[PDB]
Amino acid sequence: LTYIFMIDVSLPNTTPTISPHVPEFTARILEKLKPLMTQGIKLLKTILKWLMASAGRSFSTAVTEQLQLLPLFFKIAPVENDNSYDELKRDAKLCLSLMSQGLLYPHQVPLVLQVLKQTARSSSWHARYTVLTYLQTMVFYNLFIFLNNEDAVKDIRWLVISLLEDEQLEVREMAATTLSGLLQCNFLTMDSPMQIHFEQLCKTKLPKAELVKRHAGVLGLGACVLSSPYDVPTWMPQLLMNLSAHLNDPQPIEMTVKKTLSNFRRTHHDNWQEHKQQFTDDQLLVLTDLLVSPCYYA
Amino acid sequence: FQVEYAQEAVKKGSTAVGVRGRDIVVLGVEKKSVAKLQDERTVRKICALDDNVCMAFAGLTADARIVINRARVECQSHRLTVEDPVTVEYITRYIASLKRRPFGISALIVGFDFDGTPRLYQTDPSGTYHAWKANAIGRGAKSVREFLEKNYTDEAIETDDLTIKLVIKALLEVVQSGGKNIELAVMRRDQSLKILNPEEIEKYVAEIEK
Amino acid sequence: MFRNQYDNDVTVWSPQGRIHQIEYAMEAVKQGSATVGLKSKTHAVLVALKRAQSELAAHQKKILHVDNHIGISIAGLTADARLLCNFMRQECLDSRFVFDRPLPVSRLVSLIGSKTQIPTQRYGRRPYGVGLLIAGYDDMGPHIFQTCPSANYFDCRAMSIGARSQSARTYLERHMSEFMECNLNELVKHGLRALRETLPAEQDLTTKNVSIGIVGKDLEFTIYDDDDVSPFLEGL
Amino acid sequence: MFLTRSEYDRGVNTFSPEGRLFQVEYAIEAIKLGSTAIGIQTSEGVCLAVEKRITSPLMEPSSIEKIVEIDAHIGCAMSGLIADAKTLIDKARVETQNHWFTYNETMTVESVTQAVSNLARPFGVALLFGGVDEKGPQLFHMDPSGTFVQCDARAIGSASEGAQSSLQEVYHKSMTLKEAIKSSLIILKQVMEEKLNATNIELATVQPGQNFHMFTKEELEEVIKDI
Amino acid sequence: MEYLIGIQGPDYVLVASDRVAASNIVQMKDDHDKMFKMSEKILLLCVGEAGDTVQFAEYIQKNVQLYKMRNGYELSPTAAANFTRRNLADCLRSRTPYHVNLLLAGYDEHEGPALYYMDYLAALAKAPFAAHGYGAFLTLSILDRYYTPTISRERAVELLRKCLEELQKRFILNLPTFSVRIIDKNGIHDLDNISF
Amino acid sequence: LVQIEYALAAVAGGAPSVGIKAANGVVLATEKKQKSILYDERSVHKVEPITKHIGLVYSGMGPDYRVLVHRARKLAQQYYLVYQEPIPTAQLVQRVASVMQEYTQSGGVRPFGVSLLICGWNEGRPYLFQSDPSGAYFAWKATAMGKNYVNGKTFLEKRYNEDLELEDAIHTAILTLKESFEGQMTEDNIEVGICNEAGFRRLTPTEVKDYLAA
Amino acid sequence: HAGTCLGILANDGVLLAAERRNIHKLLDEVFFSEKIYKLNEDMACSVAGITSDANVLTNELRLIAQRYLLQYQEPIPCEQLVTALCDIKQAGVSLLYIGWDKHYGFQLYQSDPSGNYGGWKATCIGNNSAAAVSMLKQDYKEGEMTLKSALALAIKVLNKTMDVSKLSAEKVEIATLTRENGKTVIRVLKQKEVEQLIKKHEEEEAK
Amino acid sequence: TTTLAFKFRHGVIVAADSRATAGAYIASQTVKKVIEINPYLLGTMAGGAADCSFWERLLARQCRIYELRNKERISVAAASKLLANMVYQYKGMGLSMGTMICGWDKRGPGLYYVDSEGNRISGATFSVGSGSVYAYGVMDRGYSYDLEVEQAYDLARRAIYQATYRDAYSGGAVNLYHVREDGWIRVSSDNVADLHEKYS
């Protein structure tokens, strides 16, 4: 099927060929996969094995009628990506890896971001997880298509931050791993209403939904901490001190502050004699004398 | 890491199919071509472990011959200490725990376990092992196992019709026209392990072609 | 960036005459939670602060029985603390079997520092990443020996080790002249006050995360559980 | 997203200058990968539930049992590989029989968990020991650093931190066993998005009056049809 | 003592043994097979002390069964005799010798039938006929009298019964029942039990 | 096989040694120079006996030779205690070359920087072998090692003829060391050992001076 | 690739055909067992390697061939001696094995250096093996082969793989293994019999 | 000491006395000489008291580890063979054992006399001890394979009584167990002085 549809190229001064079309066929595939969005899951093992073969073996890697095969693939692709899963799951995870690592034309940045904002809106936490791991290897291999369409970098920044508020913990920690990498590759500048959105989210009362609301600021401060692993900027010692104030918080918060500070100290012992000059003497006594040790030291 | 290098020879080694029945259990492997001047006796891949247990393999033929002659001692060192023959799960758990690096083979250990119960197991090279109704190991194992999932229920009425319209019909899904390219094994409950000669192996294919 | 060459193994001297791998193992006693030990010429008291993995879990065995007259206090790897504690228990049993007397607390700590020094000199093995506070009672009175991953050991009037213990060593060095005349219930308050200064201003010494170990003159060594520390935390 | 290594990451018996052992933690971090197991200690027993992850219909489900029987009064659930933990179930089974032979007692759940942890390359599995002792029903977690602790409820596995946050909301210290069987299978429906049947879960409870009991295909059906 | 006997013909290795196992003055089992089959065409009649028989003969039975599994073909009766003689000899200088008196008997497709004898010191001797126990003292001279080398297998059963009637008349132990089986070219059959 | 190729560089830097198998004898001639007049020429010996009938010379490293001359003497007496016959020269070299192979095999131990020339006499037939640091060994009619052995083996191939006697082989062995000597050889600068029906013996220096008058 | 030994199976014997390779002129032409190493009374072998690692591999086969005979008082079957070395090489030279046993008759094997063997009707190992493996596959009646017809095939495929102008009649080492009067005979054929097969080939192939 | 076991159609009976002696002195008469291995096996304590109560408590350990590993109860033919292989390693060192592994398995009723000299034989009827010769003739004349359960209780109960009546080293009280298909049960612990009133 990758050679049945190789002539449909969309080259710049071309003509729609007589040879059969991808949009005329994929619309029929969605008509057969409409109960999913047992005989449709049998059809996925031919579509996924086709989309695995048309990765770099076609002259346009993403026809827009194929892009809504993604929300059907996100809810199937597993999280751990292990050899114990089914062949439907294992071939759906490494089909998403070949589409995210493929290019896209700059008139597809409203079209794929409409899908991923729809897929991670509210379907199931496997789909919210894999949209984040779709994005991190898709706004990197297309990193300057997105930075030209300045309306799109506002939509990535919305989706990553609005998915720190997820009801599933495993989703929101990938949203902070995604945000920490986007800050690191300078896809998202650390503006002031980003930090105001987290610093006015950490100071959140806990009466006993409020726990997941308070945690997402601690993910957000921690995403900024992990974003510069080998430098201490001017904003850096401030959002380590009030990041360290959430150390005696309850336990979903307490792991994250212990992961962020123990990963801080790991990467910042290379030339810490040059990093400690960006700290006050009153702030070195906070970071040096602090418990982030794992369970096997207690 | 090191176990992944074991599995790459299972995916290239010859196919091994086993189903399990009400009274008999059947192995069947793809007898490959050898050479023009190679005597094809020493290249048979259905080995007997004891009187009530035998196994196929797929992978390195060097590391298989280590696994077989270690499992053939534990089939006999069991009888010294227990006097009872091995259960099929005992020698399967022995082979899996035997598999520094694991020995790069995947086996289909079949047989009976002193109460007449039919058994069919699989030692993947990771060290894991579990039960099976019908299974496939080798080069075209994913498609043969998909074929055996389609056909299991009303085949065990006759032990002849169970074990050709499944087993030879599952090798014929991947292997050639047959007769000289199928090594087929069958054992009844507490009789012997009999490898069918190709005068009788071509007999059963003619019923399948009809 | 700064790739040190003299800290692969523990058998490599640096040109400063300073083994880095031993100094890196001494930073592993700063990884555990703080514990305080102190003595009074009557009863010797270990006070410890415990951590839990989560809620719905116990905290930790932080103070361990060694003999009837010796107890220790973990700070560092519990994998190496359990390895030293089975050495100290058996050595106390061997002296109890042979001489039929309690092993002197000064002499067991000498047996640790002979064992602890061996991985700091031979290739492959790593130092014991645990520092013990050892409370004892011998014929010569009570003892608050401290062991370190660097295998020297320290007889102490009082000592706190662990994380944020420098604020607790500051407390104990201010009040160490008053310790030798305290009662039992007064000394443990000084241990709980020393343990208190290792906490933030938004954390409290609850009875769930405080463990107290006491050995003394006629009192055998006994640890105090999640509810038995309540007669010690109430008067505070 | 990006790879940020340090220079103190590839040495086993080597302390990091903050006093860490990163060739221990990175092995332990590489163990939260298998099917999620949840154990809940109640005052009337202790439940043990686990996901199963069967691929083919020809595979018999009764032979990838990731919940085993240590002795008649102690159960155990695994996460990691089923063959990685076979040398920990062997010592736990033998030490309860060494303790029976020598002392004519049932070994307590803490002491089986202590004797298993004394073997600590670290392990590649974390375990949940569920059992009824003289202290009543108890549950012990057995992290791959050889660190063991008493737990009221503890989820292990891939989606553990995230099921543990659900266990904190649903647990209380006056909880019945028929709740915790259903309250954990709510969470197994959360941590994997499939429908429950007799092929994707295994559940086993250890009550005071009864021995260790693995639920059968009828007893698994009568619980899933409630929730 | 327990009783063994073997009569080799041109194509058969007729062997018999008592079915009695005794403690002190009582006898505990009335149907005790002392014959161990090792291949389809060889046996091993083992008597001797308590315990050493079932520990040695089971050791030789599974190590010869291991030869069939590793190779497909079974041992010859001569090589199974020398394999049995090899293990019994080099263990009698060890701390744990065996006090087993053996009578090995097999058929070979090429070499023909064969009866072997060894004592507890493992001195292998191929014999046309042999016997063990205290009852060997009576029954060898019926065999020295009436054995031709070309005796039929039906005249060997009646030669066997003359030896066993001598034990009924003259021997002091009660050996009432005997297990009798033949080792012709078709394998190990099992003749009817000679009993009195 | 890297250290084994480098041990042969330590052999080919060593002093020249020449062995020639005659009709009724074997001759082992070598270079024993001293750096100064201070060295006692007769204190240490390079041509060295193993049995009454086997001797061996080397080219390469001095101290590594003594390990092999101490093992070859043990292996010749472990034969003689068992079989009560003097060891065949073929069987001695199989055991010496197994020792030299045993240090290439095990790690943390460098190979020997020694090639050996092993003469002998068994059953009225002469023998001359050469054991390499690799553990390989070859039977020779005439060969040479040491400095300029490529020039030595081409020199031997022109002046070898299997009908020559033992006295004629001592001349063509000293003439082979003469080509790569760089000096004036006295009775002390070389060491010759001959092996015949009477056994192995290294020549006394007054016996060598008769051969140096040719 | 050093040796050029090749095996050929027939109805009444097997034959090894190795060439004696002499690099330098001053190497002594040894009068000992040169190229075909006899293992016991009914089995021989030949290696594709140097004559020092030959003496390790053959004197290990001879331990296995005599630990068997000490234990069973029968000669070893000619596959178990192949298998027991292939188990030792599984934990670095290729061999051939000719022999006879009462089970599977005349046998020929070829041990890989990895530890794998196989029964061959004719094969080659060593120098220019695939040049002569392909030449045997051209002309070998796989079943209709007499001993002398196999023996003429050997000096045919050796005249196209080794040397110049004489087939090295004093440097080729054919040994045949036959059955005669119940015992087993291993005949390293003499130089007069090895020269006439060159003469019976140079006359038959020129005419 | 006198023990007794016989297989009949409804399982296998185990009978034993209760007296342990010190040469001539009676140490106690309350000895549980039927060693309860686990709910499906049971052995008798004939010979030395420690040498049976150790090696069958070690058998009970080993039969349990078989059950946990292999997910099935050990057969009686194999649980005796474990005991025979354990005590043959100490042959000639002075173990005064001798016992009868009883129980039910897939093969039917199981009964295996195991002695310290290395014997291991199956069989329908056995009797071990110093008064084993006296329990034979009462049991051999009243044995059938097709008894009743109430008849097979009184057969073994009386055959131990006649054994205690002639053997000076056999006495105390009888202990009668019955091994049916779903395990063993204790049916009586009748005193010998109380049996003397009924039988006479």
# chains A, B, ... in the order shown; residues from 1 in each chain; ligands from 1
>>> select_by_dssp(residues="region 27-161 of chain G", states="strand (DSSP E)", output="PyMOL selection string")
chain G and resi 37-40+43-47+95-101+105-111+119-120+122-126
>>> residues_around(residues="residue 171 (chain D)", least_positions_apart="4", cutoff="9 Å", atoms="only C-alpha atoms", output="VMD selection string")
(chain C and resid 56) or (chain D and resid 40 152 to 153 166 to 167 175 180 183)
>>> write_last_selection(atoms="N, CA and C atoms", output="mmCIF file, in the first residue's frame")
data_model
loop_
_atom_site.group_PDB
_atom_site.id
_atom_site.type_symbol
_atom_site.label_atom_id
_atom_site.label_comp_id
_atom_site.auth_asym_id
_atom_site.auth_seq_id
_atom_site.Cartn_x
_atom_site.Cartn_y
_atom_site.Cartn_z
ATOM 1 N N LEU C 56 0.579 5.940 55.183
ATOM 2 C CA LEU C 56 0.162 4.536 55.223
ATOM 3 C C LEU C 56 1.372 3.606 55.238
ATOM 4 N N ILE D 40 -3.610 -4.304 50.016
ATOM 5 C CA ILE D 40 -4.267 -3.478 51.022
ATOM 6 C C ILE D 40 -4.413 -4.299 52.293
ATOM 7 N N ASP D 152 0.215 0.016 55.250
ATOM 8 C CA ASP D 152 -1.226 -0.184 55.331
ATOM 9 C C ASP D 152 -1.811 -0.482 53.961
ATOM 10 N N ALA D 153 -1.285 0.166 52.930
ATOM 11 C CA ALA D 153 -1.596 -0.141 51.546
ATOM 12 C C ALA D 153 -0.436 0.361 50.708
ATOM 13 N N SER D 166 -4.085 7.221 44.675
ATOM 14 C CA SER D 166 -5.474 6.810 44.786
ATOM 15 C C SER D 166 -5.709 5.962 46.024
ATOM 16 N N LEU D 167 -4.709 5.187 46.447
ATOM 17 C CA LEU D 167 -4.840 4.409 47.673
ATOM 18 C C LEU D 167 -4.909 5.297 48.902
ATOM 19 N N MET D 175 -11.483 -0.505 57.556
ATOM 20 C CA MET D 175 -11.891 -0.913 56.222
ATOM 21 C C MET D 175 -12.089 -2.419 56.179
ATOM 22 N N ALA D 180 -11.934 -3.667 50.124
ATOM 23 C CA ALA D 180 -10.588 -3.504 49.586
ATOM 24 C C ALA D 180 -10.344 -4.383 48.374
ATOM 25 N N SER D 183 -12.145 -2.039 46.102
ATOM 26 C CA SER D 183 -11.495 -0.735 46.010
ATOM 27 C C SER D 183 -10.183 -0.809 45.248
#
>>> closest_residue(among="H:93, H:4, H:158, H:54", to="chain D", atoms="only C-alpha atoms")
H:54
>>> residues_around(residues="region 59-64 of chain C", least_positions_apart="6", cutoff="8 Å", atoms="only C-alpha atoms", output="VMD selection string")
(chain A and resid 298) or (chain C and resid 46 48 to 53 71 to 74 85 208 to 209 211 to 213 223) or (chain D and resid 149)
>>> interface_residues(of="chain B", to="chain D", cutoff="9 Å", atoms="only C-alpha atoms", output="JSON, numbers by chain")
{"B": [96, 97, 126, 127, 128, 129, 130, 131, 132, 133, 134, 135, 145, 146, 148, 149, 152]}
>>> residues_around(residues="region 159-171 of chain B", least_positions_apart="3", cutoff="10 Å", atoms="only C-alpha atoms", output="MDAnalysis selection string")
chainID B and resid 15:30 134:136 140:141 143:148 151:156 174:179 181:184 186 188 201 204:205 207:209
>>> closest_atom_pairs(of="chain B", to="chain H", cutoff="7 Å", atoms="only C-alpha atoms", output="CSV")
residue,atom,partner,partner_atom,distance
B:81,CA,H:82,CA,6.2
B:82,CA,H:78,CA,4.8
B:83,CA,H:78,CA,6.1
B:84,CA,H:78,CA,6.6
>>> interface_residues(of="chain B", to="chain E", cutoff="10 Å", atoms="only C-alpha atoms", output="list in words")
residues 47, 48, 49, 50, 51, 65, 68, 69, 72, 73, 75, 76, 77, 78, 79, 80 and 83 of chain B
>>> write_last_selection(atoms="N, CA and C atoms", output="PDB file, in the first residue's frame")
ATOM      1  N   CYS B  47      14.116 -33.669  20.030  1.00  0.00           N
ATOM      2  CA  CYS B  47      14.904 -34.497  20.923  1.00  0.00           C
ATOM      3  C   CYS B  47      14.053 -34.956  22.095  1.00  0.00           C
ATOM      4  N   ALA B  48      14.261 -36.199  22.511  1.00  0.00           N
ATOM      5  CA  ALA B  48      13.542 -36.776  23.635  1.00  0.00           C
ATOM      6  C   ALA B  48      14.323 -36.540  24.916  1.00  0.00           C
ATOM      7  N   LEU B  49      13.626 -36.099  25.959  1.00  0.00           N
ATOM      8  CA  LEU B  49      14.279 -35.809  27.225  1.00  0.00           C
ATOM      9  C   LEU B  49      14.170 -36.966  28.203  1.00  0.00           C
ATOM     10  N   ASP B  50      13.018 -37.624  28.241  1.00  0.00           N
ATOM     11  CA  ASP B  50      12.840 -38.852  28.995  1.00  0.00           C
ATOM     12  C   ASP B  50      11.749 -39.638  28.278  1.00  0.00           C
ATOM     13  N   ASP B  51      11.239 -40.695  28.911  1.00  0.00           N
ATOM     14  CA  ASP B  51      10.239 -41.522  28.245  1.00  0.00           C
ATOM     15  C   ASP B  51       8.882 -40.846  28.113  1.00  0.00           C
ATOM     16  N   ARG B  65      22.242 -28.217  22.051  1.00  0.00           N
ATOM     17  CA  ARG B  65      22.839 -29.494  22.416  1.00  0.00           C
ATOM     18  C   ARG B  65      23.445 -29.467  23.816  1.00  0.00           C
ATOM     19  N   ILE B  68      19.903 -29.719  25.928  1.00  0.00           N
ATOM     20  CA  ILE B  68      19.272 -31.029  25.876  1.00  0.00           C
ATOM     21  C   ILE B  68      20.003 -32.008  26.785  1.00  0.00           C
ATOM     22  N   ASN B  69      21.327 -32.044  26.705  1.00  0.00           N
ATOM     23  CA  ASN B  69      22.089 -32.979  27.521  1.00  0.00           C
ATOM     24  C   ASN B  69      22.265 -32.527  28.963  1.00  0.00           C
ATOM     25  N   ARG B  72      18.473 -33.787  30.052  1.00  0.00           N
ATOM     26  CA  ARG B  72      18.405 -35.238  30.088  1.00  0.00           C
ATOM     27  C   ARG B  72      19.023 -35.815  31.349  1.00  0.00           C
ATOM     28  N   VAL B  73      19.852 -35.051  32.053  1.00  0.00           N
ATOM     29  CA  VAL B  73      20.363 -35.519  33.332  1.00  0.00           C
ATOM     30  C   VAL B  73      19.358 -35.236  34.440  1.00  0.00           C
ATOM     31  N   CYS B  75      16.186 -35.068  34.067  1.00  0.00           N
ATOM     32  CA  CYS B  75      15.120 -36.051  33.955  1.00  0.00           C
ATOM     33  C   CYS B  75      15.494 -37.347  34.652  1.00  0.00           C
ATOM     34  N   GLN B  76      16.783 -37.661  34.728  1.00  0.00           N
ATOM     35  CA  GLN B  76      17.218 -38.896  35.358  1.00  0.00           C
ATOM     36  C   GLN B  76      17.671 -38.699  36.792  1.00  0.00           C
ATOM     37  N   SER B  77      18.267 -37.554  37.121  1.00  0.00           N
ATOM     38  CA  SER B  77      18.544 -37.247  38.519  1.00  0.00           C
ATOM     39  C   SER B  77      17.279 -36.976  39.317  1.00  0.00           C
ATOM     40  N   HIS B  78      16.146 -36.732  38.655  1.00  0.00           N
ATOM     41  CA  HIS B  78      14.882 -36.683  39.373  1.00  0.00           C
ATOM     42  C   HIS B  78      14.499 -38.071  39.856  1.00  0.00           C
ATOM     43  N   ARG B  79      14.611 -39.070  38.975  1.00  0.00           N
ATOM     44  CA  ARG B  79      14.196 -40.431  39.291  1.00  0.00           C
ATOM     45  C   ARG B  79      15.058 -41.089  40.357  1.00  0.00           C
ATOM     46  N   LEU B  80      16.296 -40.634  40.551  1.00  0.00           N
ATOM     47  CA  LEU B  80      17.084 -41.161  41.657  1.00  0.00           C
ATOM     48  C   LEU B  80      16.510 -40.725  42.991  1.00  0.00           C
ATOM     49  N   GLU B  83      11.846 -41.124  42.368  1.00  0.00           N
ATOM     50  CA  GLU B  83      11.417 -42.380  41.722  1.00  0.00           C
ATOM     51  C   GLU B  83      10.232 -42.152  40.780  1.00  0.00           C
TER      52      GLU B  83
END
>>> decode(residues="region 182-196 of chain H", atoms="N, CA and C atoms", output="compact mmCIF listing (two decimals), in the first residue's frame")
# COMPACT_ATOMS: atom_id res chain seq x y z
N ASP H 182 -9.52 -38.11 51.85
CA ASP H 182 -9.39 -36.69 52.14
C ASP H 182 -8.56 -36.42 53.39
N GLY H 183 -7.56 -37.24 53.66
CA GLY H 183 -6.65 -37.03 54.77
C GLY H 183 -6.76 -38.14 55.80
N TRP H 184 -6.03 -37.94 56.90
CA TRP H 184 -6.05 -38.89 58.00
C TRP H 184 -6.86 -38.34 59.16
N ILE H 185 -7.37 -39.25 59.99
CA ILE H 185 -8.11 -38.92 61.19
C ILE H 185 -7.63 -39.81 62.32
N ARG H 186 -7.68 -39.29 63.54
CA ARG H 186 -7.40 -40.07 64.74
C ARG H 186 -8.73 -40.65 65.21
N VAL H 187 -8.78 -41.96 65.41
CA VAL H 187 -10.04 -42.59 65.74
C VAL H 187 -10.12 -43.08 67.18
N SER H 188 -8.99 -43.37 67.82
CA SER H 188 -9.00 -43.90 69.17
C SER H 188 -7.62 -43.73 69.77
N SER H 189 -7.58 -43.61 71.09
CA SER H 189 -6.34 -43.66 71.85
C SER H 189 -6.55 -44.54 73.07
N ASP H 190 -7.12 -45.72 72.85
CA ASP H 190 -7.59 -46.58 73.93
C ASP H 190 -6.43 -47.13 74.75
N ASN H 191 -6.57 -47.08 76.07
CA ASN H 191 -5.53 -47.57 76.96
C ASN H 191 -5.49 -49.09 76.92
N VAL H 192 -4.30 -49.65 77.15
CA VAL H 192 -4.14 -51.10 77.08
C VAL H 192 -4.79 -51.76 78.29
N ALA H 193 -4.71 -51.12 79.46
CA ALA H 193 -5.40 -51.63 80.64
C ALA H 193 -6.91 -51.53 80.51
N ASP H 194 -7.41 -50.60 79.70
CA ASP H 194 -8.83 -50.53 79.39
C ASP H 194 -9.23 -51.46 78.26
N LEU H 195 -8.30 -51.82 77.38
CA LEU H 195 -8.56 -52.86 76.40
C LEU H 195 -8.61 -54.24 77.02
N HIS H 196 -7.90 -54.44 78.14
CA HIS H 196 -7.89 -55.74 78.80
C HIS H 196 -9.26 -56.08 79.38
